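Under PDB author numbering, the residues of the sequence shown are numbered 1 to 36, 41 to 298, in order. Note that the Cβ used here is the ideal one computed from N, Cα and C, for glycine as well. Below is one structure, written out as structure tokens; comments come after it.
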Amino acid sequence: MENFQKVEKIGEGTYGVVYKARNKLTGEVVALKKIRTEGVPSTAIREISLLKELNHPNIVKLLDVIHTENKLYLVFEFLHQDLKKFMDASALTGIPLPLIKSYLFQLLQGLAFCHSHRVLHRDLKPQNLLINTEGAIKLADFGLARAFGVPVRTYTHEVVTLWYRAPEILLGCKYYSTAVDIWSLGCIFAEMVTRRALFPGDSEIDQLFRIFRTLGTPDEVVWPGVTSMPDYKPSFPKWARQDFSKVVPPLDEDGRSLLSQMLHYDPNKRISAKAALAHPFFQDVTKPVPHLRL
Ligand SMILES: NC(=O)c1cc([N+](=O)[O-])ccc1NCc1cnccn1
């Protein structure tokens, strides 16, 4: 607002416009998000305010929540680049495996923390993962979807991606669990490895069928209860599961094994962030410094 001098528009998120701004008094540089209408659910403000206590090194810190004139501003710690941008910039040679592994490991520590505190992200995607020059990666917008809701776009005609959405969400399950975040992270993990989105659906049904075409159409054997879900249709085509080795080549067996557990259809069989941290894939994990051009 007036306490903050806008440095520039960082973009227009799935909620509202985001600016890079400097606190005229503290000199701190932050990310200011103008939340989209006419009242601001008091329930929403309490939820959001709880998130200010959710502090972890791999979680973008929510510094302040400012409610004024039906407008809600969220002040976040600022990071210079997101993983989507970094992946595009690394498309020619790919992100080195030690760095992919470091990033996956840090993201899982972040999820483990939020999940132990009963906070869900629900909308993880590369653009929501921020990185810095120190080799750190952080989860942005944790808990906002719950304090608010699931968008059809953003706030003003903007196609929200479904590429990282768990199948239980696509099948209409009303109660999501921490498992939805593990699914999204597995999709991101695969994308870092192959340099191409795993399931780039362009509609809810195309998203679902792209998943089915790769992991096989789910049935009662692999996913007890699936045929009774809200949007499940007996008319869904029946595709056979594809060999995992064809999915994320040339990822090694440790990596393929972890990814397979992160992409289990049954949310109850899907690996937790905590258990994933103990997976043999992280046996030689390290913290490399990325080459970022800011
Ligand atoms: N907290 C942030 O720093 C940040 C916030 C949003 N957002 O709320 O939509 C988007 C990108 C961000 N950083 C990455 C970034 C910042 N400036 C230029 C390029 N990338």
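Under 8 Å from any heavy atom of ligand 1, does the C-beta of residue i make it?
{"i": "residue 40", "result": "Any structural detail on residue 40 is unavailable, because the chain resumes at 41 straight after 36."}
{"i": "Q5", "result": "no"}
{"i": "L134", "result": "yes"}
{"i": "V251", "result": "no"}
{"i": "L128", "result": "no"}
{"i": "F82", "result": "yes"}
{"i": "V18", "result": "yes"}
{"i": "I52", "result": "no"}
{"i": "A140", "result": "no"}
{"i": "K33", "result": "yes"}
{"i": "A48", "result": "no"}
{"i": "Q131", "result": "yes"}
{"i": "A144", "result": "yes"}
{"i": "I70", "result": "no"}
{"i": "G13", "result": "yes"}
{"i": "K89", "result": "yes"}
{"i": "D86", "result": "yes"}
{"i": "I173", "result": "no"}
{"i": "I275", "result": "no"}
{"i": "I99", "result": "no"}
{"i": "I186", "result": "no"}
{"i": "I215", "result": "no"}
{"i": "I104", "result": "no"}
{"i": "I10", "result": "yes"}
Need the endpoints of the alpha helix (DSSP H) that residue i sits in, please.
{"i": "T165", "result": "Careful: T165 lies outside any alpha helix (DSSP H) and carries neither H nor E."}
{"i": "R50", "result": "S46 to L55"}
{"i": "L281", "result": "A277 to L281"}
{"i": "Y107", "result": "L101 to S120"}
{"i": "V197", "result": "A183 to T198"}
{"i": "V251", "result": "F248 to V251"}
{"i": "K88", "result": "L87 to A93"}
{"i": "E81", "result": "It is not in any alpha helix (DSSP H) - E81 instead sits in the beta strand (DSSP E) that spans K75 to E81."}
{"i": "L263", "result": "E257 to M266"}
Could you spell out the range, first to last residue, of the beta strand (DSSP E) harbouring residue i?
{"i": "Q5", "result": "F4 to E12"}
{"i": "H71", "result": "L66 to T72"}
{"i": "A31", "result": "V29 to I35"}
{"i": "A21", "result": "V17 to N23"}
{"i": "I173", "result": "Counting along the chain, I173 falls outside any beta strand (DSSP E), though it belongs to the alpha helix (DSSP H) covering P171 to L174."}
{"i": "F240", "result": "That residue, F240, is in no beta strand (DSSP E); it is neither H nor E in DSSP."}
{"i": "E208", "result": "Run containing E208: none in the beta strand (DSSP E); it sits in the alpha helix (DSSP H), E208 to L219."}
How should residue i be labelled, buried or exposed, when 16 other C-beta atoms within 10 angstroms of its C-beta is the threshold for buried?
{"i": "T26", "result": "exposed"}
{"i": "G205", "result": "buried"}
{"i": "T14", "result": "buried"}
{"i": "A183", "result": "buried"}
{"i": "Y179", "result": "exposed"}
{"i": "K9", "result": "exposed"}
{"i": "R200", "result": "exposed"}
{"i": "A95", "result": "exposed"}
{"i": "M1", "result": "exposed"}
{"i": "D92", "result": "exposed"}
{"i": "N74", "result": "exposed"}
{"i": "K129", "result": "buried"}
{"i": "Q5", "result": "exposed"}
{"i": "residue 38", "result": "There are no atomic positions for residue 38 here, as the chain continues from 36 directly to 41."}
{"i": "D256", "result": "exposed"}
{"i": "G153", "result": "exposed"}
Can you give the beta carbon distance from residue i to residue j, rounded, assuming they're within the 8 Å contact cut?
{"i": "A277", "j": "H119", "result": "6 Å"}
{"i": "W187", "j": "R274", "result": "7 Å"}
{"i": "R169", "j": "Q113", "result": "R169 to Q113, Cβ: 23 Å. No contact."}
{"i": "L111", "j": "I141", "result": "6 Å"}
Legend entry - Three CB pairs or more closer than 8 Å across the region 214-223 and the region 154-166: Because the criterion of three Cβ pairs below 8 Å is not met, the region 214-223 and the region 154-166 do not touch.
Inset, instruction - Determine, using beta-carbon pairs with one atom in the region 139-155 and one in the region 107-127, whether at least three such pairs fall under 8 Å. - result: As far as the Cβ criterion goes, the region 139-155 touches the region 107-127, which means the pair count is three or higher.
Inset, instruction - Would you check if the region 98-106 and the region 277-297 touch, i.e. whether three or more CB-CB distances between them fall below 8 Å? - result: Output reads yes: the region 98-106 touches the region 277-297.
Inset, instruction - Specify whether the region 236-249 and the region 187-197 touch according to this definition: at least 3 beta carbon pairs, one from each stretch, less than 8 Å apart. - result: Result no; under three Cβ-Cβ pairs closer than 8 Å.
Inset, instruction - Could you say if the region 77-89 and the region 127-141 meet the contact criterion of at least three C-beta pairs nearer than 8 Å? - result: Yes: at least three Cβ pairs fall under 8 Å.
Inset, instruction - Check whether the region 262-282 touches the region 47-57, counting contact only when three or more Cβ pairs, one atom from each stretch, lie closer than 8 Å. - result: No, they do not touch.
Legend entry - Contact the region 63-79 vs the region 248-263: 3+ CB pairs below 8 Å: Three or more beta-carbon pairs separated by less than 8 Å are not found between the region 63-79 and the region 248-263, which leaves the two stretches without contact.
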